[PDB]
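>>> sequence, then the experimental structure. Questions to follow.
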Amino acid sequence: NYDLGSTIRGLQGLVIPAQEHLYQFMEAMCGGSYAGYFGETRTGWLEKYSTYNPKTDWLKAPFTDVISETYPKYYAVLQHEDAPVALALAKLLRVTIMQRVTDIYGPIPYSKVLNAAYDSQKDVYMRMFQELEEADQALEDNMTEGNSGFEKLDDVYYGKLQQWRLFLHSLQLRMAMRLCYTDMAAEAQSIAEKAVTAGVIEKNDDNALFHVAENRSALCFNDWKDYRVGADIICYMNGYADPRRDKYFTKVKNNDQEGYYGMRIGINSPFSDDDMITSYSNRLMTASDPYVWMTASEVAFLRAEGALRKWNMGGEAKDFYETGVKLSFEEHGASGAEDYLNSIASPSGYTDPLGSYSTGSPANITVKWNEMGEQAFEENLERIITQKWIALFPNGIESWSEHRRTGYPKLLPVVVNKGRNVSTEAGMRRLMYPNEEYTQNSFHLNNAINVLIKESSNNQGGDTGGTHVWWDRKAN
Ligand SMILES: [Mg+2]
(Lines give C-alpha, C1' and ligand atoms only; values in the text may rest on other atoms or scores of the structure.)
Protein backbone atom coordinates (compact mmCIF):
# COMPACT_ATOMS: atom_id res chain seq x y z
CA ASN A 1 0.00 0.00 0.00
CA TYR A 2 2.11 2.88 -1.40
CA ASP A 3 1.55 6.33 0.10
CA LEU A 4 3.66 9.31 -1.01
CA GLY A 5 3.48 10.97 2.39
CA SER A 6 4.63 7.89 4.30
CA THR A 7 7.43 7.43 1.77
CA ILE A 8 8.66 11.01 2.10
CA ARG A 9 8.48 10.73 5.95
CA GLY A 10 10.41 7.46 5.67
CA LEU A 11 13.15 9.27 3.76
CA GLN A 12 13.11 12.24 6.18
CA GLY A 13 13.67 9.68 8.94
CA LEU A 14 16.88 8.41 7.32
CA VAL A 15 18.67 11.75 7.49
CA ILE A 16 19.07 11.87 11.24
CA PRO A 17 17.78 8.37 11.89
CA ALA A 18 14.38 8.34 13.51
CA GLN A 19 14.59 4.62 14.35
CA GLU A 20 16.37 4.14 17.67
CA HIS A 21 18.00 0.91 16.53
CA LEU A 22 19.84 2.80 13.74
CA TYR A 23 20.33 5.99 15.80
CA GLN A 24 22.32 4.21 18.57
CA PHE A 25 25.06 3.14 16.15
CA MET A 26 25.23 6.01 13.66
CA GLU A 27 24.56 8.96 15.94
CA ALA A 28 25.12 8.03 19.58
CA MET A 29 28.15 5.73 19.25
CA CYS A 30 29.75 6.90 15.98
CA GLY A 31 28.98 10.66 15.58
CA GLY A 32 28.80 11.04 19.34
CA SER A 33 32.19 9.59 20.14
CA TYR A 34 34.10 11.08 17.22
CA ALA A 35 32.68 14.62 17.65
CA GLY A 36 33.54 14.70 21.38
CA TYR A 37 29.83 14.89 22.23
CA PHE A 38 28.96 11.58 23.95
CA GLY A 39 30.44 8.53 25.54
CA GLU A 40 28.94 5.14 26.30
CA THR A 41 27.90 4.31 29.85
CA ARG A 42 27.99 0.56 29.47
CA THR A 43 31.24 -0.66 31.11
CA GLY A 44 30.73 -4.18 29.84
CA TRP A 45 31.20 -3.03 26.24
CA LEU A 46 34.80 -3.79 25.16
CA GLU A 47 34.42 -3.45 21.36
CA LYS A 48 33.31 0.13 21.03
CA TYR A 49 33.26 2.90 18.49
CA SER A 50 34.85 5.23 21.13
CA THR A 51 37.93 2.96 21.51
CA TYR A 52 38.21 2.51 17.71
CA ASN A 53 37.30 -1.20 17.76
CA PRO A 54 33.57 -1.36 17.24
CA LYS A 55 32.25 -4.90 17.26
CA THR A 56 32.11 -6.10 13.65
CA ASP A 57 28.32 -6.46 13.34
CA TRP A 58 27.87 -3.01 14.93
CA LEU A 59 29.33 -1.67 11.65
CA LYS A 60 26.27 -2.77 9.68
CA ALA A 61 23.76 -0.01 10.46
CA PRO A 62 25.39 3.21 9.17
CA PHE A 63 26.11 1.63 5.72
CA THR A 64 23.94 -1.37 5.05
CA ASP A 65 20.75 -0.23 6.86
CA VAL A 66 20.84 3.35 5.57
CA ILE A 67 21.32 2.19 1.98
CA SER A 68 18.89 -0.77 2.08
CA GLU A 69 16.17 1.39 3.63
CA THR A 70 16.68 4.41 1.39
CA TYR A 71 16.47 2.88 -2.05
CA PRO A 72 13.12 1.09 -1.86
CA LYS A 73 11.53 4.42 -0.74
CA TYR A 74 13.41 6.46 -3.37
CA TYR A 75 12.41 4.07 -6.16
CA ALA A 76 8.77 3.96 -4.97
CA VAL A 77 8.55 7.68 -5.58
CA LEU A 78 10.13 7.32 -9.01
CA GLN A 79 7.86 4.50 -10.07
CA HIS A 80 4.59 6.16 -8.85
CA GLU A 81 5.05 9.93 -9.40
CA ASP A 82 5.77 11.98 -12.52
CA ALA A 83 5.26 15.37 -10.80
CA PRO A 84 8.56 17.28 -11.04
CA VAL A 85 8.25 18.51 -7.40
CA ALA A 86 7.78 15.01 -5.95
CA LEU A 87 10.82 13.78 -7.94
CA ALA A 88 12.85 16.82 -6.90
CA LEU A 89 12.10 16.36 -3.22
CA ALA A 90 12.97 12.66 -3.45
CA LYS A 91 16.23 13.54 -5.17
CA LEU A 92 17.07 16.19 -2.57
CA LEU A 93 16.36 13.81 0.29
CA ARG A 94 18.52 11.10 -1.24
CA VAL A 95 21.41 13.52 -1.53
CA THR A 96 20.85 14.68 2.05
CA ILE A 97 20.88 11.08 3.41
CA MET A 98 23.84 9.95 1.39
CA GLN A 99 26.07 13.03 1.84
CA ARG A 100 26.49 11.75 5.40
CA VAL A 101 27.21 8.19 4.30
CA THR A 102 29.94 9.05 1.81
CA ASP A 103 31.49 11.41 4.41
CA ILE A 104 31.71 8.46 6.83
CA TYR A 105 33.20 5.87 4.37
CA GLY A 106 34.56 7.55 1.29
CA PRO A 107 33.53 5.46 -1.76
CA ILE A 108 29.98 4.21 -1.58
CA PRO A 109 27.38 2.72 -3.90
CA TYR A 110 25.44 5.65 -5.27
CA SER A 111 25.04 6.16 -9.08
CA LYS A 112 24.92 2.42 -9.96
CA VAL A 113 22.43 1.28 -7.34
CA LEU A 114 19.55 -0.52 -9.15
CA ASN A 115 24.92 -5.95 -4.17
CA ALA A 116 26.25 -2.84 -6.18
CA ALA A 117 29.39 -1.13 -7.50
CA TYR A 118 30.86 1.76 -5.56
CA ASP A 119 31.49 5.31 -6.78
CA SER A 120 34.55 7.27 -5.78
CA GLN A 121 33.82 9.92 -3.16
CA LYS A 122 34.73 12.54 -5.78
CA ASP A 123 32.18 11.08 -8.19
CA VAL A 124 29.58 10.89 -5.46
CA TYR A 125 29.98 14.63 -4.63
CA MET A 126 29.97 15.71 -8.29
CA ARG A 127 26.84 13.67 -8.99
CA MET A 128 25.14 15.08 -5.88
CA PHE A 129 25.95 18.60 -6.99
CA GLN A 130 24.41 17.81 -10.39
CA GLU A 131 21.32 16.33 -8.71
CA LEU A 132 20.90 19.28 -6.33
CA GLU A 133 20.87 21.64 -9.35
CA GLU A 134 18.33 19.46 -11.10
CA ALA A 135 16.12 19.43 -7.98
CA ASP A 136 16.50 23.15 -7.51
CA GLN A 137 15.46 23.94 -11.06
CA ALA A 138 12.35 21.80 -10.69
CA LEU A 139 11.41 23.47 -7.39
CA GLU A 140 11.99 26.96 -8.76
CA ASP A 141 10.04 26.25 -11.97
CA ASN A 142 7.02 24.80 -10.13
CA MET A 143 6.74 26.63 -6.83
CA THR A 144 3.88 28.91 -6.09
CA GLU A 145 2.33 30.94 -3.41
CA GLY A 146 -0.32 29.18 -1.36
CA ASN A 147 -0.45 25.39 -1.08
CA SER A 148 1.98 23.20 -3.01
CA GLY A 149 0.04 20.01 -2.33
CA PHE A 150 2.82 18.68 -0.02
CA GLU A 151 1.47 20.29 3.13
CA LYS A 152 0.35 16.93 4.53
CA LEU A 153 3.26 14.96 3.02
CA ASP A 154 6.28 16.62 4.58
CA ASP A 155 7.17 17.00 8.28
CA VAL A 156 10.15 19.29 7.78
CA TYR A 157 8.64 22.26 5.91
CA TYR A 158 4.99 21.19 5.56
CA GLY A 159 4.99 21.72 1.83
CA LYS A 160 6.75 25.10 1.61
CA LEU A 161 8.91 24.75 -1.47
CA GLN A 162 10.53 28.17 -0.88
CA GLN A 163 11.99 26.83 2.36
CA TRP A 164 13.12 23.61 0.64
CA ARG A 165 15.16 25.84 -1.73
CA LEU A 166 16.85 27.67 1.16
CA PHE A 167 17.75 24.33 2.63
CA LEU A 168 19.01 22.98 -0.69
CA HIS A 169 21.27 26.02 -1.13
CA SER A 170 22.52 25.66 2.42
CA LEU A 171 23.43 21.99 1.75
CA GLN A 172 25.25 23.05 -1.44
CA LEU A 173 27.19 25.53 0.71
CA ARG A 174 28.07 22.87 3.30
CA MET A 175 29.23 20.40 0.65
CA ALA A 176 31.21 23.05 -1.20
CA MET A 177 33.11 24.01 1.98
CA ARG A 178 33.85 20.32 2.57
CA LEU A 179 35.93 20.24 -0.61
CA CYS A 180 38.06 23.34 0.00
CA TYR A 181 41.28 21.27 0.39
CA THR A 182 40.80 19.24 -2.86
CA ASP A 183 41.56 19.85 -6.55
CA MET A 184 37.91 20.80 -6.92
CA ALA A 185 38.31 23.87 -4.70
CA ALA A 186 37.71 26.35 -7.55
CA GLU A 187 34.49 24.64 -8.51
CA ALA A 188 33.51 24.38 -4.82
CA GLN A 189 34.03 28.12 -4.36
CA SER A 190 31.78 28.83 -7.39
CA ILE A 191 29.10 26.46 -6.09
CA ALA A 192 29.21 28.15 -2.66
CA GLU A 193 29.02 31.64 -4.10
CA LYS A 194 26.09 30.77 -6.37
CA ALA A 195 24.31 29.02 -3.48
CA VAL A 196 24.55 32.07 -1.25
CA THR A 197 23.34 34.28 -4.07
CA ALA A 198 20.36 31.93 -4.64
CA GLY A 199 19.41 32.28 -0.98
CA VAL A 200 20.40 30.23 2.11
CA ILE A 201 18.85 29.82 5.56
CA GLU A 202 19.39 33.14 7.42
CA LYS A 203 16.63 33.13 10.03
CA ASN A 204 15.96 30.54 12.68
CA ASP A 205 12.31 30.26 11.45
CA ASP A 206 13.67 28.70 8.26
CA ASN A 207 15.79 26.03 10.02
CA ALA A 208 15.32 22.51 8.64
CA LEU A 209 13.89 20.36 11.42
CA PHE A 210 12.26 16.94 11.08
CA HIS A 211 9.29 17.17 13.39
CA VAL A 212 8.00 14.00 14.90
CA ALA A 213 5.14 12.91 17.21
CA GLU A 214 7.65 10.75 19.09
CA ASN A 215 11.40 11.22 19.11
CA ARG A 216 12.64 7.68 19.62
CA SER A 217 16.26 8.83 19.92
CA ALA A 218 15.27 10.10 23.38
CA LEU A 219 15.12 6.44 24.44
CA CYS A 220 18.92 6.12 24.00
CA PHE A 221 19.68 8.92 26.44
CA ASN A 222 16.72 9.19 28.80
CA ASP A 223 15.38 5.63 29.16
CA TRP A 224 18.09 3.21 28.13
CA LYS A 225 20.64 5.63 29.57
CA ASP A 226 23.38 4.18 27.31
CA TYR A 227 25.12 7.56 26.68
CA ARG A 228 26.23 10.60 28.59
CA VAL A 229 27.87 13.81 27.58
CA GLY A 230 31.54 13.77 26.66
CA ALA A 231 34.41 15.58 28.33
CA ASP A 232 35.34 17.68 25.31
CA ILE A 233 32.16 19.67 24.84
CA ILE A 234 31.99 20.26 28.62
CA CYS A 235 35.63 21.48 28.78
CA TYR A 236 34.97 24.10 26.17
CA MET A 237 31.47 25.20 27.37
CA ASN A 238 32.41 25.26 31.10
CA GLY A 239 35.64 27.15 30.23
CA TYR A 240 33.58 29.71 28.29
CA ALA A 241 30.88 29.80 30.96
CA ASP A 242 28.52 29.33 28.01
CA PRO A 243 24.92 30.38 28.75
CA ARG A 244 23.66 27.58 26.41
CA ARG A 245 24.68 24.85 28.87
CA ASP A 246 21.31 24.81 30.65
CA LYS A 247 19.61 24.31 27.27
CA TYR A 248 22.04 21.54 26.16
CA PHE A 249 22.64 19.45 29.28
CA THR A 250 21.25 18.23 32.54
CA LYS A 251 23.06 19.03 35.79
CA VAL A 252 24.53 16.42 38.05
CA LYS A 253 23.70 17.39 41.61
CA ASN A 254 24.85 15.30 44.61
CA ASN A 255 27.23 15.32 47.65
CA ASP A 256 30.42 15.90 45.62
CA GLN A 257 28.86 17.41 42.50
CA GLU A 258 26.75 20.43 41.35
CA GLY A 259 26.96 21.39 37.66
CA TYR A 260 27.87 20.10 34.22
CA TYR A 261 30.19 17.07 34.01
CA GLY A 262 31.50 15.12 31.04
CA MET A 263 32.83 11.61 30.63
CA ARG A 264 36.19 10.92 29.01
CA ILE A 265 35.64 9.42 25.56
CA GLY A 266 37.62 6.25 24.76
CA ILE A 267 38.02 4.44 28.03
CA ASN A 268 37.22 1.13 29.77
CA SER A 269 35.94 2.38 33.12
CA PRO A 270 36.47 0.17 36.23
CA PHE A 271 33.31 1.59 37.76
CA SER A 272 29.64 0.49 37.50
CA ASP A 273 27.18 1.45 34.79
CA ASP A 274 25.17 3.29 37.50
CA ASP A 275 28.29 5.35 38.33
CA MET A 276 28.63 6.38 34.63
CA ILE A 277 24.93 7.13 34.31
CA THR A 278 24.64 9.25 37.49
CA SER A 279 28.04 11.01 37.64
CA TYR A 280 27.93 12.71 34.23
CA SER A 281 25.52 15.11 32.55
CA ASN A 282 22.96 13.89 30.03
CA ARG A 283 21.81 15.82 27.05
CA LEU A 284 18.57 17.73 27.76
CA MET A 285 15.86 16.38 25.51
CA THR A 286 12.28 15.13 25.46
CA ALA A 287 10.35 12.59 23.44
CA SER A 288 8.67 15.46 21.50
CA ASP A 289 11.85 17.17 20.30
CA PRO A 290 12.52 17.53 16.53
CA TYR A 291 15.64 16.30 14.78
CA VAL A 292 17.71 19.34 13.70
CA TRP A 293 19.14 19.06 10.19
CA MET A 294 20.48 22.53 9.29
CA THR A 295 20.31 25.84 11.06
CA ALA A 296 20.89 29.51 10.35
CA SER A 297 23.81 29.42 12.81
CA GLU A 298 25.58 26.68 10.82
CA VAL A 299 25.06 28.61 7.56
CA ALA A 300 26.48 31.76 9.16
CA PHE A 301 29.63 29.84 10.28
CA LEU A 302 30.02 28.42 6.79
CA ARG A 303 29.80 31.92 5.35
CA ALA A 304 32.30 33.11 7.98
CA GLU A 305 34.85 30.49 6.86
CA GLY A 306 34.13 31.24 3.21
CA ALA A 307 34.72 34.92 3.83
CA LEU A 308 37.95 34.23 5.71
CA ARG A 309 39.05 32.26 2.63
CA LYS A 310 38.22 35.28 0.42
CA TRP A 311 35.22 33.55 -1.16
CA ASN A 312 32.38 35.96 -1.96
CA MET A 313 29.91 35.13 0.86
CA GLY A 314 28.22 38.53 0.96
CA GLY A 315 29.83 40.04 4.09
CA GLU A 316 32.75 40.10 6.49
CA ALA A 317 34.12 36.96 8.23
CA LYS A 318 33.87 38.52 11.72
CA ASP A 319 30.26 39.61 11.13
CA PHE A 320 29.19 36.13 9.98
CA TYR A 321 31.01 34.61 12.93
CA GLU A 322 29.28 36.91 15.40
CA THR A 323 25.95 36.41 13.67
CA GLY A 324 26.39 32.62 13.88
CA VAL A 325 26.93 32.77 17.61
CA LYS A 326 23.95 35.14 18.06
CA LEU A 327 21.69 32.92 15.97
CA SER A 328 22.65 29.84 17.99
CA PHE A 329 21.87 31.64 21.29
CA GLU A 330 18.60 32.83 19.83
CA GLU A 331 17.78 29.22 18.63
CA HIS A 332 18.05 27.98 22.21
CA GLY A 333 16.51 31.00 23.96
CA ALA A 334 19.86 31.87 25.56
CA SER A 335 20.84 35.41 26.68
CA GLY A 336 24.16 37.10 26.77
CA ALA A 337 25.56 36.52 23.26
CA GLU A 338 27.09 39.98 22.91
CA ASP A 339 29.17 39.71 26.14
CA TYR A 340 30.08 36.05 25.33
CA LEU A 341 31.49 37.22 21.98
CA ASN A 342 34.14 39.23 23.83
CA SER A 343 35.18 36.37 26.06
CA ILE A 344 38.90 35.62 26.42
CA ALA A 345 38.39 32.58 28.67
CA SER A 346 40.12 29.36 27.66
CA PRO A 347 38.56 25.91 27.41
CA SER A 348 38.93 24.25 30.80
CA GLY A 349 41.19 21.42 31.85
CA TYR A 350 39.27 18.14 32.29
CA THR A 351 38.55 17.12 35.90
CA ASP A 352 36.94 13.68 36.03
CA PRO A 353 34.58 13.78 39.02
CA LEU A 354 35.37 10.03 39.50
CA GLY A 355 39.10 10.77 39.44
CA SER A 356 40.12 8.29 36.70
CA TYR A 357 40.67 10.17 33.41
CA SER A 358 41.50 13.79 34.34
CA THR A 359 43.66 15.58 31.85
CA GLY A 360 44.78 18.95 30.50
CA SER A 361 42.74 21.29 28.43
CA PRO A 362 42.10 20.33 24.77
CA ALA A 363 42.73 23.87 23.40
CA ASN A 364 43.39 27.47 24.24
CA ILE A 365 41.08 28.98 21.58
CA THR A 366 38.91 31.83 22.86
CA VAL A 367 35.61 33.16 21.62
CA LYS A 368 36.70 36.74 20.94
CA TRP A 369 37.52 37.44 17.25
CA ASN A 370 41.19 37.99 16.41
CA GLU A 371 41.23 41.33 14.55
CA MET A 372 44.24 40.29 12.48
CA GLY A 373 41.54 38.53 10.42
CA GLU A 374 43.17 36.42 7.65
CA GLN A 375 46.60 37.29 9.17
CA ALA A 376 45.51 34.93 11.97
CA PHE A 377 43.89 32.54 9.56
CA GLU A 378 44.20 29.25 11.41
CA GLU A 379 43.27 30.77 14.76
CA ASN A 380 40.15 32.45 13.39
CA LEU A 381 39.22 29.25 11.52
CA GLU A 382 39.66 27.39 14.79
CA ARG A 383 37.12 29.65 16.60
CA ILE A 384 34.67 29.59 13.63
CA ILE A 385 34.69 25.79 13.65
CA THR A 386 34.71 25.53 17.46
CA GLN A 387 31.64 27.77 17.69
CA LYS A 388 29.97 25.89 14.81
CA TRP A 389 30.66 22.65 16.75
CA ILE A 390 29.01 23.99 19.88
CA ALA A 391 26.06 25.26 17.76
CA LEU A 392 25.76 21.93 15.91
CA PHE A 393 25.27 19.79 19.03
CA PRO A 394 24.11 16.91 18.85
CA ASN A 395 24.83 16.54 15.07
CA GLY A 396 27.99 14.41 15.58
CA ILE A 397 28.37 13.16 12.01
CA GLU A 398 28.64 16.74 10.69
CA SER A 399 30.95 17.83 13.54
CA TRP A 400 33.10 14.75 12.99
CA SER A 401 33.45 15.57 9.29
CA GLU A 402 34.35 19.13 10.07
CA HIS A 403 36.86 18.01 12.69
CA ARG A 404 38.48 15.69 10.16
CA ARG A 405 38.54 18.41 7.48
CA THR A 406 39.87 21.31 9.51
CA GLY A 407 41.46 19.78 12.62
CA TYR A 408 39.06 21.71 14.80
CA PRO A 409 37.93 21.80 17.42
CA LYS A 410 40.89 20.11 19.02
CA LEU A 411 39.61 17.16 21.03
CA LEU A 412 40.99 15.03 23.85
CA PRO A 413 42.76 11.87 22.77
CA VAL A 414 41.25 8.49 23.59
CA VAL A 415 42.85 6.59 26.47
CA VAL A 416 42.30 3.09 25.18
CA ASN A 417 43.20 2.95 21.47
CA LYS A 418 42.19 -0.48 20.33
CA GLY A 419 42.06 0.59 16.69
CA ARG A 420 43.63 -1.20 13.72
CA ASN A 421 45.90 1.31 11.91
CA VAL A 422 44.21 4.19 13.80
CA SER A 423 46.49 6.73 15.48
CA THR A 424 45.70 8.28 18.84
CA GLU A 425 47.01 11.67 17.65
CA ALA A 426 44.74 11.83 14.52
CA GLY A 427 41.70 9.81 15.61
CA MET A 428 39.17 8.02 13.42
CA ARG A 429 39.37 9.24 9.83
CA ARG A 430 36.51 7.11 8.54
CA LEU A 431 34.48 3.98 9.35
CA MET A 432 35.32 0.54 7.94
CA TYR A 433 33.02 -1.22 5.50
CA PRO A 434 30.72 -3.81 7.07
CA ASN A 435 31.55 -7.49 6.95
CA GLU A 436 28.44 -8.12 4.79
CA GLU A 437 30.19 -6.27 1.99
CA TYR A 438 33.16 -8.59 2.31
CA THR A 439 31.03 -11.75 2.29
CA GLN A 440 28.23 -10.83 -0.12
CA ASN A 441 29.64 -8.06 -2.32
CA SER A 442 33.32 -8.97 -2.57
CA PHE A 443 33.99 -8.08 -6.26
CA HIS A 444 32.55 -4.56 -5.86
CA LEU A 445 34.00 -4.16 -2.36
CA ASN A 446 37.51 -5.09 -3.58
CA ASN A 447 37.34 -2.40 -6.31
CA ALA A 448 35.96 0.06 -3.74
CA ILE A 449 38.97 -0.43 -1.46
CA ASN A 450 41.29 0.15 -4.41
CA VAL A 451 39.43 3.39 -5.18
CA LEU A 452 39.63 4.45 -1.50
CA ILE A 453 43.41 3.85 -1.59
CA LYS A 454 43.89 5.76 -4.87
CA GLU A 455 41.75 8.73 -3.75
CA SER A 456 43.41 9.05 -0.32
CA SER A 457 46.01 11.61 0.66
CA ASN A 458 46.92 9.19 3.46
CA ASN A 459 46.38 5.47 3.11
CA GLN A 460 46.77 3.49 6.32
CA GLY A 461 46.32 -0.12 5.26
CA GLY A 462 43.30 0.29 3.02
CA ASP A 463 39.87 -0.30 4.59
CA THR A 464 40.73 0.97 8.06
CA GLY A 465 39.72 3.78 10.33
CA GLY A 466 43.11 5.45 9.66
CA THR A 467 42.77 5.91 5.93
CA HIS A 468 41.68 9.41 4.84
CA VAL A 469 38.63 9.91 2.66
CA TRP A 470 39.20 11.95 -0.51
CA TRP A 471 38.30 15.42 0.85
CA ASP A 472 40.45 14.96 4.03
CA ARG A 473 43.59 16.51 2.62
CA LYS A 474 44.52 19.40 4.92
CA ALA A 475 48.31 19.40 5.75
CA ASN A 476 49.04 19.42 9.58
MG1 LIG B 1 33.84 42.62 20.33
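Sure thing, it's come through. Numbers count the residues shown, from 1 in each chain.
>>> need the helices for the stretch 201-350 of the chain, in chain order.
217-218, 231-239, 245-248, 273-279, 296-308, 317-331, 337-340 (DSSP state H, counting those that start in this stretch).
>>> do you know how far residue 18 is from residue 399?
Relative to residue 399, residue 18 is positioned 20 Å away (C-beta to C-beta, to the nearest Å). C-beta: built from backbone N, CA, C; applies to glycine.
>>> now do the same contact list for the residue minimising distance to the centre of the chain.
Nearest to the mean C-alpha position of the chain, by C-alpha atoms, centre = their mean, lies residue 398 at 1.9 Å. Residues in contact with residue 398 (C-beta atoms under 8 Å, 6 or more residues apart in numbering) are 31, 100, 174, 298, 392.
>>> try it again at 6 Å.
residue 392 (C-beta atoms under 6 Å, 6 or more residues apart in numbering).
>>> and it, how far from residue 151?
Per C-beta to C-beta, residue 398 is found 28 Å from residue 151.
>>> now residue 64
34 Å.
>>> which of those two has more residues huddled nearby?
residue 64 (18 against 12; other C-beta atoms under 10 Å).
>>> name the SS class of the more buried one, please.
helix (DSSP: H, G, I helix; E, B strand; the rest coil).
>>> how about residue 469?
Applying three-state DSSP: residue 469 is coil.
>>> could you find the closest non-adjacent residue to it?
Using C-beta to C-beta, 6 or more residues apart in numbering and skipping residues adjacent in sequence, the residue nearest residue 469 is residue 106, 4.0 Å away.
>>> quick one, what contacts that neighbour?
By C-beta under 6 Å, 6+ apart, the neighbours of residue 106 are 121, 430, 452, 469.
>>> max pairwise distance over those: which two?
Using C-beta to C-beta, the contacts of residue 106 span at most 9.8 Å, a distance reached by 121 and 430.
>>> picking up where we left off before, buried deepest among the helices of the stretch 201-350 of the chain, which one?
Ranked by mean neighbour count under mean count of other C-beta atoms under 10 Å, the helices of the stretch 201-350 of the chain are led by helix 296-308, which reaches a mean of 27.
>>> closest to residue 127 out of the helices of the stretch 201-350 of the chain?
Comparing these by C-beta to C-beta, helix 296-308 comes nearest, at 21.6 Å.
>>> re the thing from before, reformat the contacts of residue 106 as JSON lines; add secondary structure and neighbour count.
Below are these laid out as JSON lines (DSSP: H, G, I helix; E, B strand; the rest coil; neighbours: other C-beta atoms under 10 Å):
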{"residue": "121", "secondary structure": "helix", "neighbour count": "26"}
{"residue": "430", "secondary structure": "coil", "neighbour count": "26"}
{"residue": "452", "secondary structure": "helix", "neighbour count": "25"}
{"residue": "469", "secondary structure": "coil", "neighbour count": "24"}
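>>> dump those into CSV; add distance to residue 340 as well.
Below are these laid out as CSV (distance: C-beta to C-beta, whole Å):
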residue, distance to residue 340
121, 37
430, 34
452, 42
469, 34
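>>> closest one of these to residue 381?
Of all the contacts of residue 106, residue 381 sits closest to residue 469, with 19.9 Å by C-beta to C-beta.
>>> ok, that closest one touching residue 430?
Yes. Between residue 469 and residue 430 a contact is recorded at 5.2 Å, counting by C-beta atoms under 6 Å.
>>> could you report the separation of the closest residue to residue 287 other than its chain neighbours from residue 143?
In space, and not counting its chain neighbours, residue 287 is closest to residue 218: 4.5 Å by C-beta to C-beta, 6+ apart. Separation of residue 218 from residue 143 (C-beta to C-beta): 34 Å.
>>> quick revisit: quick one, which of the helices of the stretch 201-350 of the chain is nearest to residue 87?
With distances scored as C-beta to C-beta, the stretch of these nearest to residue 87 is helix 296-308 (25.8 Å).
>>> elements contacting the closest one?
Judged by 3 or more C-beta pairs under 6 Å, 6 or more residues apart in numbering; DSSP states H and E, the packing partners of helix 296-308 are helix 161-178, helix 317-331, helix 377-392.
>>> just send those helices back as JSON lines, with distance to residue 438 too.
Below are these laid out as JSON lines (distance: least, C-beta to C-beta, whole Å):
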{"stretch": "helix 161-178", "distance to residue 438": "28"}
{"stretch": "helix 317-331", "distance to residue 438": "42"}
{"stretch": "helix 377-392", "distance to residue 438": "33"}
